$ cat run_16.cif   # mmCIF, C-alpha atoms and all ligand atoms
data_target
#
loop_
_atom_site.group_PDB
_atom_site.id
_atom_site.type_symbol
_atom_site.label_atom_id
_atom_site.label_comp_id
_atom_site.auth_asym_id
_atom_site.auth_seq_id
_atom_site.Cartn_x
_atom_site.Cartn_y
_atom_site.Cartn_z
ATOM 1 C CA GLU A 464 -82.032 -81.834 44.442
ATOM 2 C CA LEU A 465 -78.425 -81.298 45.742
ATOM 3 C CA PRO A 466 -76.029 -78.329 45.184
ATOM 4 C CA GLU A 467 -73.071 -79.088 42.911
ATOM 5 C CA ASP A 468 -69.659 -78.704 44.655
ATOM 6 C CA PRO A 469 -67.009 -78.771 41.874
ATOM 7 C CA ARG A 470 -64.108 -79.388 44.291
ATOM 8 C CA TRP A 471 -65.420 -82.994 44.702
ATOM 9 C CA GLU A 472 -67.855 -83.757 41.837
ATOM 10 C CA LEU A 473 -67.021 -86.743 39.594
ATOM 11 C CA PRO A 474 -69.063 -87.385 36.413
ATOM 12 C CA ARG A 475 -71.325 -90.491 36.764
ATOM 13 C CA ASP A 476 -69.883 -92.132 33.577
ATOM 14 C CA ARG A 477 -66.472 -92.080 35.421
ATOM 15 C CA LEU A 478 -67.549 -94.536 38.149
ATOM 16 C CA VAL A 479 -67.955 -98.314 37.426
ATOM 17 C CA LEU A 480 -69.945 -99.876 40.295
ATOM 18 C CA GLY A 481 -68.961 -103.345 41.623
ATOM 19 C CA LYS A 482 -69.579 -105.973 44.371
ATOM 20 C CA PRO A 483 -70.760 -104.870 47.883
ATOM 21 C CA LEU A 484 -68.003 -104.335 50.485
ATOM 22 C CA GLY A 485 -68.162 -106.360 53.696
ATOM 23 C CA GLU A 486 -71.221 -107.134 55.863
ATOM 24 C CA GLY A 487 -72.613 -103.549 55.528
ATOM 25 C CA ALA A 488 -70.919 -102.263 58.715
ATOM 26 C CA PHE A 489 -70.364 -98.761 57.172
ATOM 27 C CA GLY A 490 -73.770 -98.727 55.457
ATOM 28 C CA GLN A 491 -74.370 -99.644 51.769
ATOM 29 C CA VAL A 492 -70.725 -99.625 50.514
ATOM 30 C CA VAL A 493 -69.602 -101.057 47.167
ATOM 31 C CA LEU A 494 -66.233 -101.533 45.503
ATOM 32 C CA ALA A 495 -65.893 -99.479 42.271
ATOM 33 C CA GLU A 496 -63.474 -98.102 39.710
ATOM 34 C CA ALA A 497 -63.113 -94.392 39.198
ATOM 35 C CA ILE A 498 -61.818 -93.349 35.771
ATOM 36 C CA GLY A 499 -59.450 -90.395 36.131
ATOM 37 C CA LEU A 500 -60.030 -89.030 39.695
ATOM 38 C CA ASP A 501 -56.849 -86.903 39.049
ATOM 39 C CA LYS A 502 -56.160 -84.573 35.996
ATOM 40 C CA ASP A 503 -52.815 -86.441 35.454
ATOM 41 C CA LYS A 504 -54.167 -88.689 34.119
ATOM 42 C CA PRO A 505 -57.897 -88.926 33.106
ATOM 43 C CA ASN A 506 -56.988 -92.427 31.697
ATOM 44 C CA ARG A 507 -55.948 -94.163 34.960
ATOM 45 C CA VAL A 508 -58.383 -96.246 37.112
ATOM 46 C CA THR A 509 -58.330 -96.270 40.900
ATOM 47 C CA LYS A 510 -60.182 -98.909 42.996
ATOM 48 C CA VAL A 511 -62.421 -96.884 45.391
ATOM 49 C CA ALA A 512 -65.244 -97.595 47.930
ATOM 50 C CA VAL A 513 -68.592 -95.936 47.158
ATOM 51 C CA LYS A 514 -71.245 -95.280 49.866
ATOM 52 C CA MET A 515 -74.892 -94.786 48.838
ATOM 53 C CA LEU A 516 -78.328 -94.962 50.511
ATOM 54 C CA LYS A 517 -80.356 -98.212 50.751
ATOM 55 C CA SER A 518 -83.753 -98.712 48.951
ATOM 56 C CA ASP A 519 -85.647 -98.272 52.313
ATOM 57 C CA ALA A 520 -83.763 -94.955 52.969
ATOM 58 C CA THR A 521 -85.464 -92.117 54.883
ATOM 59 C CA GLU A 522 -85.067 -88.300 54.430
ATOM 60 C CA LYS A 523 -82.928 -88.584 57.623
ATOM 61 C CA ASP A 524 -80.765 -91.374 56.090
ATOM 62 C CA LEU A 525 -80.005 -88.918 53.206
ATOM 63 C CA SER A 526 -79.314 -86.033 55.639
ATOM 64 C CA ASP A 527 -76.769 -88.165 57.552
ATOM 65 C CA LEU A 528 -74.937 -89.237 54.310
ATOM 66 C CA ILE A 529 -74.636 -85.520 53.296
ATOM 67 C CA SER A 530 -73.415 -84.415 56.810
ATOM 68 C CA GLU A 531 -70.805 -87.242 56.785
ATOM 69 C CA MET A 532 -69.519 -86.096 53.358
ATOM 70 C CA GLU A 533 -69.523 -82.379 54.409
ATOM 71 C CA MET A 534 -67.745 -83.403 57.614
ATOM 72 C CA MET A 535 -65.085 -85.305 55.621
ATOM 73 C CA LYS A 536 -64.574 -82.149 53.423
ATOM 74 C CA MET A 537 -63.890 -80.059 56.599
ATOM 75 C CA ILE A 538 -61.536 -82.636 58.320
ATOM 76 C CA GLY A 539 -59.038 -82.790 55.433
ATOM 77 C CA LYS A 540 -56.474 -85.346 54.323
ATOM 78 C CA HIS A 541 -54.419 -87.765 56.491
ATOM 79 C CA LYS A 542 -52.602 -91.045 55.732
ATOM 80 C CA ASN A 543 -54.263 -92.739 58.750
ATOM 81 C CA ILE A 544 -57.972 -91.869 58.107
ATOM 82 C CA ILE A 545 -60.458 -93.100 55.358
ATOM 83 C CA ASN A 546 -60.171 -90.053 52.959
ATOM 84 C CA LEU A 547 -62.869 -88.518 50.769
ATOM 85 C CA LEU A 548 -61.940 -88.787 47.068
ATOM 86 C CA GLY A 549 -65.104 -87.427 45.395
ATOM 87 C CA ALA A 550 -68.918 -87.576 45.042
ATOM 88 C CA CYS A 551 -71.744 -88.027 42.510
ATOM 89 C CA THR A 552 -74.433 -85.584 43.599
ATOM 90 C CA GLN A 553 -75.981 -84.456 40.303
ATOM 91 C CA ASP A 554 -78.776 -86.084 38.250
ATOM 92 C CA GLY A 555 -79.153 -89.346 40.218
ATOM 93 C CA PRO A 556 -78.507 -91.106 43.567
ATOM 94 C CA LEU A 557 -75.872 -89.698 45.917
ATOM 95 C CA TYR A 558 -72.538 -91.490 45.707
ATOM 96 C CA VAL A 559 -69.883 -90.625 48.356
ATOM 97 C CA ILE A 560 -66.477 -91.770 47.020
ATOM 98 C CA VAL A 561 -63.855 -92.636 49.679
ATOM 99 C CA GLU A 562 -60.487 -94.613 49.944
ATOM 100 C CA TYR A 563 -60.564 -98.412 49.550
ATOM 101 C CA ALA A 564 -59.040 -100.750 52.164
ATOM 102 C CA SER A 565 -58.647 -104.230 50.626
ATOM 103 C CA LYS A 566 -57.610 -106.109 53.824
ATOM 104 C CA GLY A 567 -60.793 -105.207 55.716
ATOM 105 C CA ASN A 568 -61.096 -104.173 59.363
ATOM 106 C CA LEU A 569 -58.226 -104.399 61.890
ATOM 107 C CA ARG A 570 -60.095 -107.138 63.894
ATOM 108 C CA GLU A 571 -60.278 -109.375 60.712
ATOM 109 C CA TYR A 572 -56.776 -108.379 59.478
ATOM 110 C CA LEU A 573 -55.362 -109.372 62.932
ATOM 111 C CA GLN A 574 -57.472 -112.614 63.278
ATOM 112 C CA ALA A 575 -56.323 -114.028 59.889
ATOM 113 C CA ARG A 576 -52.676 -113.565 61.056
ATOM 114 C CA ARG A 577 -52.996 -115.513 64.349
ATOM 115 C CA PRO A 578 -50.517 -118.476 64.642
ATOM 116 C CA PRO A 579 -51.956 -121.795 63.404
ATOM 117 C CA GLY A 580 -53.815 -124.532 65.302
ATOM 118 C CA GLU A 592 -52.254 -114.504 55.632
ATOM 119 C CA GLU A 593 -48.682 -114.353 57.283
ATOM 120 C CA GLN A 594 -47.623 -113.676 60.951
ATOM 121 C CA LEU A 595 -47.023 -110.104 62.259
ATOM 122 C CA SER A 596 -43.861 -109.446 64.302
ATOM 123 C CA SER A 597 -43.804 -107.673 67.716
ATOM 124 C CA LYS A 598 -42.805 -104.456 65.781
ATOM 125 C CA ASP A 599 -45.706 -104.778 63.221
ATOM 126 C CA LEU A 600 -48.199 -104.791 66.127
ATOM 127 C CA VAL A 601 -46.601 -101.622 67.713
ATOM 128 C CA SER A 602 -46.541 -100.006 64.230
ATOM 129 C CA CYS A 603 -50.370 -100.657 63.858
ATOM 130 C CA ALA A 604 -51.017 -98.901 67.237
ATOM 131 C CA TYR A 605 -48.674 -95.991 66.267
ATOM 132 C CA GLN A 606 -50.707 -95.472 63.008
ATOM 133 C CA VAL A 607 -54.140 -95.602 64.770
ATOM 134 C CA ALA A 608 -52.881 -93.039 67.394
ATOM 135 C CA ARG A 609 -51.474 -90.934 64.476
ATOM 136 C CA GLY A 610 -54.885 -90.972 62.753
ATOM 137 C CA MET A 611 -56.690 -90.102 66.019
ATOM 138 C CA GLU A 612 -54.249 -87.245 66.814
ATOM 139 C CA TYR A 613 -55.059 -85.653 63.418
ATOM 140 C CA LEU A 614 -58.841 -85.963 63.975
ATOM 141 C CA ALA A 615 -58.415 -84.498 67.521
ATOM 142 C CA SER A 616 -56.305 -81.577 66.095
ATOM 143 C CA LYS A 617 -59.280 -80.988 63.679
ATOM 144 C CA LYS A 618 -61.709 -81.089 66.725
ATOM 145 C CA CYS A 619 -63.189 -84.439 65.837
ATOM 146 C CA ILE A 620 -64.362 -86.797 68.657
ATOM 147 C CA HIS A 621 -64.876 -90.311 67.209
ATOM 148 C CA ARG A 622 -67.211 -91.818 69.931
ATOM 149 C CA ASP A 623 -66.738 -95.418 68.450
ATOM 150 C CA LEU A 624 -63.004 -96.104 68.215
ATOM 151 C CA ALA A 625 -62.540 -99.902 67.996
ATOM 152 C CA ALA A 626 -60.532 -102.258 65.703
ATOM 153 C CA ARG A 627 -63.796 -102.733 63.695
ATOM 154 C CA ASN A 628 -63.633 -98.994 62.732
ATOM 155 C CA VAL A 629 -59.956 -99.222 61.580
ATOM 156 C CA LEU A 630 -59.624 -100.386 57.972
ATOM 157 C CA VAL A 631 -56.430 -101.927 56.436
ATOM 158 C CA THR A 632 -55.222 -101.107 52.861
ATOM 159 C CA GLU A 633 -53.260 -103.394 50.463
ATOM 160 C CA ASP A 634 -49.970 -101.741 51.775
ATOM 161 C CA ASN A 635 -51.009 -102.370 55.455
ATOM 162 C CA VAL A 636 -51.895 -98.742 56.263
ATOM 163 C CA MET A 637 -54.207 -98.251 59.232
ATOM 164 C CA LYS A 638 -57.096 -95.968 58.251
ATOM 165 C CA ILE A 639 -59.732 -94.804 60.825
ATOM 166 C CA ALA A 640 -63.311 -95.147 59.457
ATOM 167 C CA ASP A 641 -66.730 -93.854 60.731
ATOM 168 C CA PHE A 642 -65.273 -90.599 62.101
ATOM 169 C CA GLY A 643 -67.683 -88.145 60.316
ATOM 170 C CA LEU A 644 -70.896 -89.418 61.976
ATOM 171 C CA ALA A 645 -72.742 -87.793 64.922
ATOM 172 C CA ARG A 646 -75.536 -89.697 66.810
ATOM 173 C CA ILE A 651 -77.778 -94.977 71.923
ATOM 174 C CA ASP A 652 -79.006 -98.521 72.850
ATOM 175 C CA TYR A 653 -76.573 -100.140 75.343
ATOM 176 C CA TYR A 654 -77.999 -103.625 74.624
ATOM 177 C CA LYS A 655 -77.460 -103.448 70.786
ATOM 178 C CA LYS A 656 -74.841 -105.899 69.310
ATOM 179 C CA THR A 657 -72.392 -105.529 66.307
ATOM 180 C CA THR A 658 -72.121 -107.851 63.199
ATOM 181 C CA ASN A 659 -69.620 -110.217 65.043
ATOM 182 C CA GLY A 660 -71.985 -110.321 68.096
ATOM 183 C CA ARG A 661 -69.983 -107.887 70.307
ATOM 184 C CA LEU A 662 -71.291 -104.966 72.459
ATOM 185 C CA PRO A 663 -69.947 -101.403 71.680
ATOM 186 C CA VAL A 664 -70.472 -100.360 75.385
ATOM 187 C CA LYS A 665 -67.247 -102.412 75.974
ATOM 188 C CA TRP A 666 -65.064 -99.712 74.304
ATOM 189 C CA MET A 667 -66.861 -96.800 76.099
ATOM 190 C CA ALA A 668 -65.330 -94.689 78.859
ATOM 191 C CA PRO A 669 -67.364 -94.688 82.136
ATOM 192 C CA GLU A 670 -68.069 -90.939 81.983
ATOM 193 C CA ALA A 671 -69.246 -91.397 78.311
ATOM 194 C CA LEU A 672 -71.285 -94.479 79.325
ATOM 195 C CA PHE A 673 -72.889 -93.188 82.598
ATOM 196 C CA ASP A 674 -72.702 -89.375 82.126
ATOM 197 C CA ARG A 675 -72.901 -89.174 78.241
ATOM 198 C CA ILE A 676 -69.684 -87.031 78.432
ATOM 199 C CA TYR A 677 -67.785 -87.480 75.105
ATOM 200 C CA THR A 678 -64.291 -85.988 74.762
ATOM 201 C CA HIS A 679 -60.875 -86.691 73.175
ATOM 202 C CA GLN A 680 -60.238 -88.243 76.668
ATOM 203 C CA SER A 681 -63.152 -90.786 76.320
ATOM 204 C CA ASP A 682 -61.636 -91.665 72.880
ATOM 205 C CA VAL A 683 -58.272 -92.237 74.698
ATOM 206 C CA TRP A 684 -60.104 -94.775 76.935
ATOM 207 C CA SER A 685 -61.360 -96.535 73.658
ATOM 208 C CA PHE A 686 -57.794 -96.480 72.246
ATOM 209 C CA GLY A 687 -56.687 -98.485 75.315
ATOM 210 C CA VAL A 688 -59.306 -101.152 74.419
ATOM 211 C CA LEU A 689 -58.108 -100.917 70.739
ATOM 212 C CA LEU A 690 -54.424 -101.593 71.893
ATOM 213 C CA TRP A 691 -55.780 -104.554 73.912
ATOM 214 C CA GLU A 692 -57.451 -105.762 70.622
ATOM 215 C CA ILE A 693 -54.104 -105.440 68.712
ATOM 216 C CA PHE A 694 -52.094 -107.281 71.443
ATOM 217 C CA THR A 695 -54.568 -110.243 71.712
ATOM 218 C CA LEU A 696 -54.574 -110.359 67.850
ATOM 219 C CA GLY A 697 -58.307 -109.546 67.506
ATOM 220 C CA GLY A 698 -59.413 -110.680 70.969
ATOM 221 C CA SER A 699 -62.960 -110.082 72.232
ATOM 222 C CA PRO A 700 -63.085 -107.649 75.251
ATOM 223 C CA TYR A 701 -64.967 -109.173 78.238
ATOM 224 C CA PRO A 702 -66.335 -112.373 76.588
ATOM 225 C CA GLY A 703 -69.670 -113.610 78.017
ATOM 226 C CA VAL A 704 -70.061 -110.362 80.036
ATOM 227 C CA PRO A 705 -73.547 -108.783 79.572
ATOM 228 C CA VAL A 706 -74.183 -104.958 79.733
ATOM 229 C CA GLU A 707 -75.382 -105.038 83.406
ATOM 230 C CA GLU A 708 -72.308 -107.020 84.615
ATOM 231 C CA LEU A 709 -69.998 -104.644 82.662
ATOM 232 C CA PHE A 710 -71.543 -101.637 84.485
ATOM 233 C CA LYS A 711 -70.700 -103.397 87.758
ATOM 234 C CA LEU A 712 -67.033 -104.021 86.600
ATOM 235 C CA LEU A 713 -66.507 -100.357 85.691
ATOM 236 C CA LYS A 714 -68.124 -99.123 88.946
ATOM 237 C CA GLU A 715 -65.773 -101.540 90.902
ATOM 238 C CA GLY A 716 -62.736 -100.162 88.986
ATOM 239 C CA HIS A 717 -62.061 -103.466 87.187
ATOM 240 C CA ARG A 718 -59.471 -103.480 84.356
ATOM 241 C CA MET A 719 -58.690 -106.035 81.651
ATOM 242 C CA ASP A 720 -55.841 -108.476 82.208
ATOM 243 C CA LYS A 721 -52.444 -108.064 80.524
ATOM 244 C CA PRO A 722 -52.469 -109.854 77.157
ATOM 245 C CA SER A 723 -49.887 -112.656 76.692
ATOM 246 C CA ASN A 724 -46.847 -111.463 74.615
ATOM 247 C CA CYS A 725 -47.411 -107.837 75.701
ATOM 248 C CA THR A 726 -44.641 -105.853 77.418
ATOM 249 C CA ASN A 727 -45.292 -104.223 80.776
ATOM 250 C CA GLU A 728 -44.601 -100.812 79.099
ATOM 251 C CA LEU A 729 -47.461 -101.432 76.636
ATOM 252 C CA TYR A 730 -49.829 -102.817 79.292
ATOM 253 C CA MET A 731 -49.123 -99.714 81.432
ATOM 254 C CA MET A 732 -50.077 -97.607 78.351
ATOM 255 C CA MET A 733 -53.540 -99.381 78.217
ATOM 256 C CA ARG A 734 -53.862 -98.818 81.986
ATOM 257 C CA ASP A 735 -52.912 -95.096 81.609
ATOM 258 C CA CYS A 736 -55.551 -94.943 78.820
ATOM 259 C CA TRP A 737 -58.092 -96.443 81.285
ATOM 260 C CA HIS A 738 -57.369 -93.925 84.060
ATOM 261 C CA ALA A 739 -60.433 -93.321 86.243
ATOM 262 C CA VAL A 740 -59.734 -89.570 85.962
ATOM 263 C CA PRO A 741 -60.190 -88.322 82.359
ATOM 264 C CA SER A 742 -57.633 -85.469 82.799
ATOM 265 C CA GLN A 743 -54.944 -87.953 83.944
ATOM 266 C CA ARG A 744 -55.059 -90.112 80.768
ATOM 267 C CA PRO A 745 -52.364 -89.449 78.054
ATOM 268 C CA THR A 746 -53.299 -87.405 74.981
ATOM 269 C CA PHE A 747 -53.112 -88.820 71.377
ATOM 270 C CA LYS A 748 -50.199 -86.350 70.895
ATOM 271 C CA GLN A 749 -48.394 -88.120 73.851
ATOM 272 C CA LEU A 750 -49.385 -91.657 72.647
ATOM 273 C CA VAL A 751 -47.960 -90.898 69.163
ATOM 274 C CA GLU A 752 -44.626 -89.829 70.830
ATOM 275 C CA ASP A 753 -44.387 -92.905 73.163
ATOM 276 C CA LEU A 754 -45.390 -95.422 70.400
ATOM 277 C CA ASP A 755 -42.921 -93.843 67.946
ATOM 278 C CA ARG A 756 -40.134 -94.471 70.526
ATOM 279 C CA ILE A 757 -41.453 -98.025 71.320
ATOM 280 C CA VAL A 758 -41.669 -98.988 67.568
ATOM 281 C CA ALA A 759 -37.943 -97.994 67.247
ATOM 282 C CA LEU A 760 -37.009 -100.244 70.233
ATOM 283 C CA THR A 761 -39.325 -103.222 69.370
ATOM 284 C CA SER A 762 -37.708 -106.312 67.790
ATOM 285 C CA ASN A 763 -38.784 -107.514 64.320
ATOM 286 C CA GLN A 764 -37.062 -110.889 65.097
ATOM 287 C CA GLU A 765 -40.084 -112.435 66.901
HETATM 288 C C1 LIG B 1 -65.678 -91.965 57.492
HETATM 289 O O1 LIG B 1 -65.182 -93.141 56.830
HETATM 290 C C2 LIG B 1 -66.056 -93.896 56.082
HETATM 291 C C3 LIG B 1 -65.711 -95.210 55.790
HETATM 292 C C4 LIG B 1 -66.372 -95.897 54.774
HETATM 293 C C5 LIG B 1 -65.960 -97.304 54.405
HETATM 294 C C6 LIG B 1 -65.118 -97.256 53.117
HETATM 295 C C7 LIG B 1 -64.354 -98.520 52.834
HETATM 296 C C8 LIG B 1 -64.701 -99.838 53.175
HETATM 297 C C9 LIG B 1 -63.687 -100.618 52.685
HETATM 298 N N1 LIG B 1 -63.475 -101.979 52.749
HETATM 299 C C10 LIG B 1 -64.318 -102.909 53.304
HETATM 300 O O2 LIG B 1 -65.446 -102.624 53.698
HETATM 301 C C11 LIG B 1 -63.787 -104.303 53.413
HETATM 302 C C12 LIG B 1 -62.923 -104.822 52.452
HETATM 303 C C13 LIG B 1 -62.432 -106.108 52.558
HETATM 304 C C14 LIG B 1 -62.825 -106.938 53.613
HETATM 305 N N2 LIG B 1 -62.247 -108.201 53.782
HETATM 306 C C15 LIG B 1 -63.166 -109.307 54.036
HETATM 307 C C16 LIG B 1 -62.453 -110.416 54.694
HETATM 308 C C17 LIG B 1 -63.321 -111.632 54.979
HETATM 309 N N3 LIG B 1 -61.295 -110.830 53.880
HETATM 310 C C18 LIG B 1 -60.354 -109.736 53.577
HETATM 311 C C19 LIG B 1 -59.234 -110.267 52.700
HETATM 312 C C20 LIG B 1 -61.066 -108.518 52.985
HETATM 313 C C21 LIG B 1 -63.658 -106.398 54.600
HETATM 314 C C22 LIG B 1 -64.147 -105.110 54.487
HETATM 315 N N4 LIG B 1 -62.818 -99.783 52.055
HETATM 316 N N5 LIG B 1 -63.209 -98.482 52.171
HETATM 317 C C23 LIG B 1 -67.333 -95.233 54.019
HETATM 318 C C24 LIG B 1 -67.655 -93.917 54.308
HETATM 319 O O3 LIG B 1 -68.556 -93.364 53.435
HETATM 320 C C25 LIG B 1 -68.799 -91.952 53.502
HETATM 321 C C26 LIG B 1 -67.024 -93.238 55.340
#

$ encode --input "run_16.cif" --output "structure tokens"
Amino acid sequence: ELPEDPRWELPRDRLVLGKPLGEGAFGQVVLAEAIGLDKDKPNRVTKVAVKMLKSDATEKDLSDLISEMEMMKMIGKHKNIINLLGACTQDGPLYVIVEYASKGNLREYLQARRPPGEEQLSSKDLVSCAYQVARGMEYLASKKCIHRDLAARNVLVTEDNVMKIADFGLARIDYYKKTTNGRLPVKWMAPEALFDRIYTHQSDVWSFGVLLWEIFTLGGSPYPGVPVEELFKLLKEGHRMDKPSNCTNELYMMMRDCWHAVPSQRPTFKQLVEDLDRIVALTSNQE
């Protein structure tokens, strides 16, 4: 049995469950329609994403779902994060109701827009995407949240092309474990986070640098064919990824600054938001 929180509770007859969303990257998530989430009006439907537990769910799987919801309540609202919209906690399974992003993850969204062998993104659209992700991250940081897994796969894209950071309310690692696409999350990890288990806003700044690299290569894979052990060796040697093609030196120096050996010397998300805001303004939409 769960305690009823009336700030968030939505009656069960007000949620129409639909087809599963994606390849279960964020757990068991379905598309749904919520009848009257707002008082004006109780007659409007909103497409929402609903997270619930699987059939083979443990008492720990339920505890994590609750913590994530409670965490989302505490963080508050921001344009550039997946927002909590409601929950079904009484007389049945737990349903955590969050914002729906119809264009999928930033890696997919970017990949579908790569020039041929939907539509192409200009040089400004790419800088705008980065600006939005740094904006989202800055909010979470201001609310004391450390993501730990910032990647393009954890950035969802809405129908209106808004960048929304996902999987920010979770708190946990197997270095050899792969993602859905067959990629290794250790590749986005700061060395101090990787070797010393030291997680900070600074280790998230490292990850943002890899995320910018993902935007500028239009969904490129970091370190292809590089196993865990060889990656360790690259980081220890001070190796850094090469400058993507059709990337300015100003933006490559931002990735580099993000990947500073010394965590204190990296820019903050507050600083990144300022720099990217200025760069968006000066970036051409003509190419
Ligand atoms: C903390 O934050 C989170 C995030 C979530 C996820 C919520 C969510 C998921 C989605 N959306 C998709 O999962 C999705 C949708 C479309 C996709 N694509 C597939 C692709 C092939 N074609 C594209 C044209 C569309 C690919 C993926 N919205 N909200 C749940 C959560 O619970 C508490 C907390």

$ closest_residue --input "run_16.cif" --among "A:566, A:674, A:681, A:573" --to "residue 621 in chain A" --atoms "all atoms listed in the file"
A:681

$ residues_near_ligand --input "run_16.cif" --ligand "ligand LIG 1 (chain B)" --cutoff "9 Å" --atoms "only C-alpha atoms and all ligand atoms" --output "PyMOL selection string"
chain A and resi 483-494+511-515+528-529+531-532+534-535+544-547+558-568+571-572+575+592+628+630-632+638-644

$ resolve_selection --input "run_16.cif" --expression "the PyMOL selection byres (((chain A and resi 667-672) around 9) and not hetatm)" --output "number ranges by chain"
A: 622-624, 653, 663-666, 673-678, 680-685, 688, 710, 713-714, 737, 739, 741

$ write_last_selection --input "run_16.cif" --atoms "C-alpha atoms" --output "compact mmCIF listing (two decimals), in the frame of the given file"
# COMPACT_ATOMS: atom_id res chain seq x y z
CA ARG A 622 -67.21 -91.82 69.93
CA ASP A 623 -66.74 -95.42 68.45
CA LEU A 624 -63.00 -96.10 68.22
CA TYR A 653 -76.57 -100.14 75.34
CA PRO A 663 -69.95 -101.40 71.68
CA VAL A 664 -70.47 -100.36 75.39
CA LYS A 665 -67.25 -102.41 75.97
CA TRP A 666 -65.06 -99.71 74.30
CA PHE A 673 -72.89 -93.19 82.60
CA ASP A 674 -72.70 -89.38 82.13
CA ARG A 675 -72.90 -89.17 78.24
CA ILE A 676 -69.68 -87.03 78.43
CA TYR A 677 -67.78 -87.48 75.10
CA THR A 678 -64.29 -85.99 74.76
CA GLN A 680 -60.24 -88.24 76.67
CA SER A 681 -63.15 -90.79 76.32
CA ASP A 682 -61.64 -91.66 72.88
CA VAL A 683 -58.27 -92.24 74.70
CA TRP A 684 -60.10 -94.78 76.94
CA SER A 685 -61.36 -96.54 73.66
CA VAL A 688 -59.31 -101.15 74.42
CA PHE A 710 -71.54 -101.64 84.48
CA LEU A 713 -66.51 -100.36 85.69
CA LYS A 714 -68.12 -99.12 88.95
CA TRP A 737 -58.09 -96.44 81.28
CA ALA A 739 -60.43 -93.32 86.24
CA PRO A 741 -60.19 -88.32 82.36

$ closest_residue --input "run_16.cif" --among "A:577, A:721, A:679, A:656" --to "residue 748 in chain A" --atoms "all atoms listed in the file"
A:679

$ closest_residue --input "run_16.cif" --among "A:695, A:761, A:727, A:553" --to "residue 578 in chain A" --atoms "all atoms listed in the file"
A:695

$ atom_distance --input "run_16.cif" --atom1 "CA of residue 740 in chain A" --atom2 "CA of residue 716 in chain A"
11.4 Å

$ atom_distance --input "run_16.cif" --atom1 "CA of residue 634 in chain A" --atom2 "CA of residue 728 in chain A"
27.9 Å

$ resolve_selection --input "run_16.cif" --expression "the PyMOL selection byres (((chain A and resi 764) around 12) and not hetatm)" --output "list in words"
residues 594, 595, 596, 597, 598, 599, 760, 761, 762, 763 and 765 of chain A

$ atom_distance --input "run_16.cif" --atom1 "CA of residue 557 in chain A" --atom2 "CA of residue 465 in chain A"
8.8 Å

$ resolve_selection --input "run_16.cif" --expression "the PyMOL selection byres (((chain A and resi 472) around 12) and not hetatm)" --output "list in words"
residues 465, 466, 467, 468, 469, 470, 471, 473, 474, 475, 476, 477, 478, 497, 500, 501, 532, 547, 548, 549, 550, 551, 552, 553, 554, 557, 558, 559 and 560 of chain A

$ closest_residue --input "run_16.cif" --among "A:604, A:689, A:520, A:706" --to "residue 750 in chain A" --atoms "only C-alpha atoms"
A:604

$ residues_around --input "run_16.cif" --residues "residue 691 in chain A" --least-positions-apart "4" --cutoff "8 Å" --atoms "all atoms listed in the file" --output "PyMOL selection string"
chain A and resi 687+695+698+722+733

$ axis_aligned_box --input "run_16.cif" --around "range 728-733 of chain A" --padding-each-side "8 Å" --output "JSON"
{"center_x": -49.1, "center_y": -100.2, "center_z": 79.0, "size_x": 24.9, "size_y": 21.2, "size_z": 20.8}

$ closest_residue --input "run_16.cif" --among "A:570, A:618, A:627, A:744" --to "residue 657 in chain A" --atoms "all atoms listed in the file"
A:627
